[PDB]
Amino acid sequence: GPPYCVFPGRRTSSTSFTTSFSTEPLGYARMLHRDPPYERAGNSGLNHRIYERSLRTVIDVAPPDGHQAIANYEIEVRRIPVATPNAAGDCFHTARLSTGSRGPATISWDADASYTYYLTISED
């Protein structure tokens, strides 16, 4: 069915990670890479990366250091139309990192500069 987002209906916890990002106008040059750096996803115990590939926007979420996930995690992206301060936003894509998986959990979409994107990662 349509993507279902539990956040922001529910509140996030101390080990959740949230961030937002913009996509640049597609006429602005990027230097693309087959394997861009992972960064720690705040206090979640996971790593993440947000990048583009030939354009597609991609989010990967994985345990550190070749480990398996020790729990189940919900990964959600909402998109909010730009220049619309009263916009409600849409639940856009979701993914799961399941207990025992190695990852990454991945989400991708056709790159679009007309929305701001909001990522949440949380343990179930």
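Residue numbers run from 1 along the displayed sequence.
Asks: Per the record, how many residues of the deposited chain fall between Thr99 and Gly100 without being modelled: none, 1 to 3, 4 to 9, or 10 or more?
Replies: Per the deposited record, the segment joining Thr99 and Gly100 has no missing residues.
Asks: Averaging the C-alpha B factors as listed in the entry, name the stretch that ends up higher: 76 to 84 or 41 to 49.
Replies: That would be 41 to 49.
Asks: Between 26 to 34 and 86 to 94, name whichever shows the higher mean Cα B factor according to the PDB entry.
Replies: Averaged over C-alpha atoms, the B-factors run higher in 26 to 34.
Asks: Going by the recorded CA B-factors, say which third of the chain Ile59 sits in, lowest, middle or highest.
Replies: It falls in the bottom third of the chain.
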